[PDB]
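All of the numbers you see were taken from the coordinates with simple rules; none came from a lab. Please note: Cβ atoms are built from the backbone with ideal geometry, for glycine as well, and neighbour counts cover all protein chains shown.
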Amino acid sequence: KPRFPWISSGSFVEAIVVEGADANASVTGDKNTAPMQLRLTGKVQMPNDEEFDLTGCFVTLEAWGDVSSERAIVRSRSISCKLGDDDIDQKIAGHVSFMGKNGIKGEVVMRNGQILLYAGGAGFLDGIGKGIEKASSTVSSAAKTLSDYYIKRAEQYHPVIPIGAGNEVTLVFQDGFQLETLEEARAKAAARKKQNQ
Amino acid sequence: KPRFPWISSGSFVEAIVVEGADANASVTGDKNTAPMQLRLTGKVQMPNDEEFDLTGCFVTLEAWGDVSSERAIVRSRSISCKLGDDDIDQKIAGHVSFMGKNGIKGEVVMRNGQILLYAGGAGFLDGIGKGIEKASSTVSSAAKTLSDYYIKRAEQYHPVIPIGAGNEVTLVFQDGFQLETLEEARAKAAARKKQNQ
Amino acid sequence: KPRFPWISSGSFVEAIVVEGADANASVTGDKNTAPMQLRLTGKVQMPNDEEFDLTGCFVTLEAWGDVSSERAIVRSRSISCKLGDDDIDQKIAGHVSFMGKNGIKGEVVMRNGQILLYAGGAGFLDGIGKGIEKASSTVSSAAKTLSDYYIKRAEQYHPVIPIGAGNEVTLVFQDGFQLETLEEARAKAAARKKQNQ
Amino acid sequence: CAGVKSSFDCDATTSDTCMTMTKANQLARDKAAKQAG
Amino acid sequence: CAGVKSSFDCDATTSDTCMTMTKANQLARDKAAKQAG
Amino acid sequence: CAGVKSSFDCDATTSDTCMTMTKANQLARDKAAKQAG
Amino acid sequence: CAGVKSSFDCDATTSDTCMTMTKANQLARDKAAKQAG
Amino acid sequence: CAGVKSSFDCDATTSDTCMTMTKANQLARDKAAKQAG
């Protein structure tokens with residue numbers, strides 16, 4: 001048998017967030033992702049009460065945000081380990097759960113307050129201005145220009161969900177895979193390239 | 001006969017939700033799914049009072065939401081088991097029932113309240129503003145701009161159905177299939193690739 | 001074994017910002033980047049509590065800005081070292097973290113205040129002018145022209161996030177790679193070009 | 001209103017006790033044991 | 001308002017204590033040790 | 001306002017002391033020495 | 001109104017007692033036994 | 001105004017003393033000499 005077993009799909013391991021990020025919870029955030037790698041702190045827990053020790057390994061991820069569920073959806077990029085003189089660096093498909101639910105829970109922050117306040121006041125000035133220009137015997141232009149400018153500047157901001165670097169989460173290996181050292185990977189490659197016809 | 005019997009269609013097994021999610025009960029939610037894997041806690045119950053023990057196995061799923069029925073529609077992705085030195089990782093077609101009905105029952109949550117309240121107040125200010133600009137001898141612009149901005153920001157949110165990680169459900173194998181260990185799968189593959197003409 | 005080990009993905013090293021910049025936190029800033037190279041001040045910390053000493057090495061980067069998260073997103077360009085008579089100059093994929101979160105935290109600065117104030121006053125003059133032109137028996141043109149000019153001049157400015165040259169950050173090697181001296185690189189090249197068929 | 005029946009008859013829903021994934025796994029492990037007693 | 005439930009039931013969130021990456025690595029190292037005691 | 005949380009929780013930022021590039025290089029050199037003491 | 005008959009004549013409907021799938025299976029098992037007595 | 005911070009923190013700028021190109025070359029020559037003393 002090889003050094004490492006077959007990690008079954010749905011196996012989960014407790015971990016600690018080492019690098020956080022602001023998730024960019026915008027409609028276009030799924031393509032604009034940020035790295036939020038973490039570190040494995042417990043034994044991989046697998047089906048039928050069987051567990052493997054992959055502790056101290058680093059797992060690199062990328063995350064975006066969601067404002068409806070108010071959570072950071074995180075996609076696992078890779079896992080790396082340095083065990084003995086054995087180097088592991090493998091791309092894995094998985095995700096992150098926080099308190100038993102998909103994604104990590106955080107608040108939604110918007111830094112648009114000042115510009116939004118300015119736009120509001122600019123057109124409040126506009127409405128008073130119109131109700132002063134309304135005066136017939138039997139400020140509006142500047143307010144409108146400033147309102148347009150400030151609304152344009154405020155729509156640049158998008159909400160973000162900040163995730164710290166001290167939270168405990170769970171990494172889930174959604175698809176089953178085989179752990180492999182870089183040496184094992186090269187052995188598989190060179191043999192494949194040999195084409196023993 | 002092989003190690004495992006033929007699991008007949010419609011066979012169901014009691015299970016416990018291990019990982020939950022917010023289901024994204026939007027009109028586009030059927031394509032934006034979330035992982036909500038669970039764990040088998042009882043004997044597969046099959047037709048004619050026959051039962052098989054597949055306990056501790058992990059079942060990975062993906063779920064979306066429905067606001068009319070107010071339920072999380074869950075699609076089974078895979079099942080994995082670690083029995084003896086035998087590894088099982090198989091894609092299965094099935095679904096999840098809660099209290100005898102298709103899908104899991106939960107509430108519908110919307111985090112749009114504050115932005116919707118702001119839009120409302122912005123145009124209430126607009127209507128008073130129009131009924132002040134109405135004054136002839138025998139705030140409206142700012143309110144309109146803020147209303148447009150806040151309505152645009154509020155339409156970003158979509159409702160979600162949160163499912164916890166401590167509920168008992170039932171997994172239904174809608175299509176009959178054969179359980180297979182990874183070893184059995186490789187034996188079937190290599191033999192097929194051999195092409196014994 | 002070669003001189004240098006395999007730096008696993010997700011490995012991070014403490015560093016000091018040597019050259020800062022203003023990040024150009026505009027919607028088009030991702031293509032208009034600025035150099036913000038730094039210097040490594042600690043041991044590369046790698047998976048499973050293993051560490052390598054690459055101190056005094058220079059890391060050249062390029063950075064843009066983000067106003068939603070209010071941070072400078074920095075992309076690693078290259079790493080260079082002068083160890084013994086050995087020269088290292090390698091392109092690396094990585095990023096920078098500040099206090100455990102992706103990117104470097106700074107304020108957002110806008111030098112548009114004076115021109116924005118001028119536009120405002122120009123059209124305030126316009127509104128009074130309209131409410132003076134409103135006078136029937138039973139300045140507006142100049143203000144409008146100046147408002148147009150000053151709004152056009154003010155939209156030229158975009159916000160920036162200034163990063164100083166005395167802050168401590170962390171460099172993360174997102175993708176695993178092999179350190180190589182220029183001599184080793186040439187040895188690999190000449191051998192490849194030889195094409196030992 | 002809606003003009004049809006407004007509510008269901010089950011009057012039953014799931015819960016959310018912030019249970020961790022490991023806690024849920026342990027709870028499921030203990031459930032099955034009692035059932036297979 | 002929104003017309004549906006406004007809040008979640010978990011009432012739980014993460015934190016942000018300005019923890020450095022090295023501090024987080026050390027904290028994770030110490031956690032695992034106690035767990036594998 | 002914005003209708004969501006207005007501020008972060010870290011309350012931490014970098015600085016700008018007009019430090020020259022050579023001064024920054026020297027500061028980094030001295031930092032590493034103390035750390036590797 | 002609608003202008004045709006408004007109601008059916010059966011006046012019969014199903015029920016929903018939050019019965020679990022296992023409970024329903026057991027109920028069906030017991031029904032058939034009595035019928036085949 | 002602008003609605004964000006209006007000023008930088010360095011508060012430092014270059015100068016313009018109408019220095020001729022030859023004067024600048026001589027100044028640079030003299031600087032380096034003192035530094036390499």
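Could you check how many residues of segment B:173-195 are surrounded by fewer than 19 Cβ atoms within 10 Å (Cβ to Cβ) and not in a loop (DSSP other than H, G, I, E, B)?
Within segment B:173-195, residues that are surrounded by fewer than 19 Cβ atoms within 10 Å (Cβ to Cβ) and not in a loop (DSSP other than H, G, I, E, B) number 15.
Taking strands (runs of 3 or more DSSP E) that fall entirely within segment A:1-106, which contain at least 3 residues that are within 30 Å of residue F:6 (Cα to Cα) and among the small types (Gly, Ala, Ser)?
Per the criteria, no element qualifies.
Test residue A:166 against the stated conditions and say whether it is under 30 Å from residue A:113 (Cβ atoms) and either buried (at least 18 other Cβ atoms within 10 Å of the Cβ) or among the β-branched types (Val, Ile, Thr) (or both).
It is true that residue A:166 is under 30 Å from residue A:113 (Cβ atoms) and either buried (at least 18 other Cβ atoms within 10 Å of the Cβ) or among the β-branched types (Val, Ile, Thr) (or both).
Report, ordered by the first and then the second residue, all pairs with beta carbons closer than 8 Å, sequence separation of six or more or different chains, a first member in segment A:118-136 that is at the interface with chain B (Cβ under 7 Å from one of its Cβ atoms), and a second member that is among the basic types (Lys, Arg) and part of a helix (DSSP H, G or I).
A:122/A:144; A:123/A:144; A:123/B:144; A:126/A:144
If the requirement is being β-branched (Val, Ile, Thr) and within 12 Å of the chain's Cα centre (by Cα), which of these qualifies: A:67, A:59, A:74?
Within the list A:67, A:59, A:74, the selection yields A:74.
Go through segment C:152-197 and report how many residues are closer than 24 Å to residue A:36 by Cα and either of a type in the set (D, E, K, R) or out of contact with any strand residue (DSSP E or B) (no Cβ under 9 Å at 6 or more places or on another chain) (or both).
Qualifying residue count for the region: 2.
Does segment A:96-109 hold any residues that are out of contact with any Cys (no Cβ under 8 Å at 6 or more places or on another chain) and more than 9 Å from chain B (Cβ to nearest Cβ), and which are they?
Answer for segment A:96-109, where residues must be out of contact with any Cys (no Cβ under 8 Å at 6 or more places or on another chain) and more than 9 Å from chain B (Cβ to nearest Cβ): A:96, A:98, A:104, A:106, A:107, A:109.
With the structure loaded, tell me whether residue A:151 is part of a strand (DSSP E or B), within 7 Å of another protein chain (Cβ to nearest Cβ) and not basic (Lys, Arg) or whether it fails that test.
For residue A:151, the condition - part of a strand (DSSP E or B), within 7 Å of another protein chain (Cβ to nearest Cβ) and not basic (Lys, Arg) - is not met.
What is the residue count in segment C:107-136 for residues that are in contact with a helix residue (DSSP H, G or I) (Cβ under 9 Å, 6 or more places away or on another chain), in a loop (DSSP other than H, G, I, E, B) and not hydrophobic (A, V, I, L, M, F, W, C)?
So the answer is 2.
Can you tell me which residues in segment B:55-71 are over 19 Å from residue D:12 (Cβ atoms) and more than 10 Å from chain A (Cβ to nearest Cβ)?
Result: B:64, single match.
Quickly run through segment E:1-25 and pick out the residues that are more than 10 Å from chain A (Cβ to nearest Cβ) and either part of a helix (DSSP H, G or I) or among the hydrophobic types (A, V, I, L, M, F, W, C) (or both).
Correct list: E:1, E:2, E:4.
With the requirement that a residue be surrounded by 19 or more Cβ atoms within 10 Å (Cβ to Cβ), in a loop (DSSP other than H, G, I, E, B) and either among the charged types (D, E, K, R) or more than 13 Å from chain F (Cβ to nearest Cβ) (or both), what does segment C:154-163 give you?
C:158, C:159
Filtering segment G:7-37 down to residues that are of a type in the set (S, T, N, Q) and out of contact with any strand residue (DSSP E or B) (no Cβ under 7 Å at 6 or more places or on another chain), which residue is surrounded by the most Cβ atoms within 10 Å (Cβ to Cβ)?
Here the residue is G:20.
Against the definition (within 14 Å of chain A (Cβ to nearest Cβ), basic (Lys, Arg) and surrounded by fewer than 20 Cβ atoms within 10 Å (Cβ to Cβ)), how does residue B:1 come out, yes or no?
Considered against the rule, which asks whether it is within 14 Å of chain A (Cβ to nearest Cβ), basic (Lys, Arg) and surrounded by fewer than 20 Cβ atoms within 10 Å (Cβ to Cβ), residue B:1 comes out as no.
Assess whether residue B:22 counts as being over 30 Å from residue B:109 (Cβ atoms) and either at the interface with chain A (Cβ under 8 Å from one of its Cβ atoms) or surrounded by fewer than 24 Cβ atoms within 10 Å (Cβ to Cβ) (or both).
When the stated conditions are applied, residue B:22 does not pass them.
Restricting attention to segment A:25-38, and to residues there that are surrounded by fewer than 24 Cβ atoms within 10 Å (Cβ to Cβ) and under 15 Å from residue A:77 (Cα atoms), which single residue is nearest to the other protein chains (Cβ to nearest Cβ)?
So, considering only residues that are surrounded by fewer than 24 Cβ atoms within 10 Å (Cβ to Cβ) and under 15 Å from residue A:77 (Cα atoms), the one nearest to the other protein chains (Cβ to nearest Cβ) is A:35.
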